[PDB]
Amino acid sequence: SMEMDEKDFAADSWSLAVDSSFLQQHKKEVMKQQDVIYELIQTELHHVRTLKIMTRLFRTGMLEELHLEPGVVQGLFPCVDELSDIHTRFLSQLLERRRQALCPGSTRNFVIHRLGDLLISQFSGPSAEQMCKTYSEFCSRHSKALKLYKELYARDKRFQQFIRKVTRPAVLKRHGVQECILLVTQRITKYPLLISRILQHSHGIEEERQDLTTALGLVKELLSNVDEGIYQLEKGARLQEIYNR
């Protein structure tokens, strides 16, 4: 993550991020809506950061420092570039919506009144097809990635030293290889929870309540399709084991 965005999302809530003289100008219902929208953007910034640790710290470090067999790094980090592209673009749109809403003379005081339209755009058309295809591939390769990691850590000394070295800093405490993989798999199922709570506090404008209701429906359709398209791949699986499912 970059310092500007980390500082903008350092507070535990929107009510603590904005100036107290700005907070006092809003109704409690607007504050509750903004606290949940702030949590969605903050968790998206963290999710994009998890993908950057996977691509830049782990993947690139293994390619430039280790002598692994070809196709081993891809097996540990399936679809990470496609996932980074999807979420970095989504994050850019959320952060631009926040930026446009800032008051002149402020870098922290804003109210986002129109999130629904951005969520419908993200969870419909080509971007939804790309998310569905990429998560169906990633989640089907999840178990294989974890097993490959465990095999490499148990049998390769240089791999163990590499992992222990790059995961040593306290800021990486929650972000080991297996932890990153599960954080990415669990991300998609956080969206309906966040969207439903934003919707609970967005009844003031009927257009907004409708847009968030449509967005919630699209996210659920996307999740149902991903869930139906998953079948765990296993290294060395035989065709007979596959067609006897």
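We call the rigid core the largest set of C-alpha positions that still match within 1.5 Å between the two forms. One rule holds for the numbers: they count along the sequence shown, beginning at 1.
For the pair 99 to 107 and 70 to 78, greater average C-alpha departure from the shown form in 9 other deposited structures of this protein after core alignment is found in 70 to 78.
Put simply, when the other structures in 9 other deposited structures of this protein are lined up on the rigid core, the C-alpha atoms of 61 to 69 lie farther off than those of the other stretch, from 61 to 69 and 216 to 224. Of the two segments examined, 197 to 205 and 65 to 73, it is 65 to 73 that shows the higher average Cα temperature factor in the deposited entry. Between 34 to 42 and 52 to 60, it is 52 to 60 that carries the larger average Cα temperature factor according to the deposited entry. Looking at the C-alpha B-factors along this chain, the one for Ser84 belongs to the middle third. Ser21: CA B factor lies in the highest third for its chain, per the PDB record. Compared with the other modelled residues of the chain, the Cα B-factor recorded for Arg168 ranks in the middle third.
Among all modelled residues in this chain, the alpha-carbon of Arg141 has a temperature factor (C-alpha) in the lowest third. The entry lists a Cα temperature factor for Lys27 that places it in the highest third of the chain's modelled residues.
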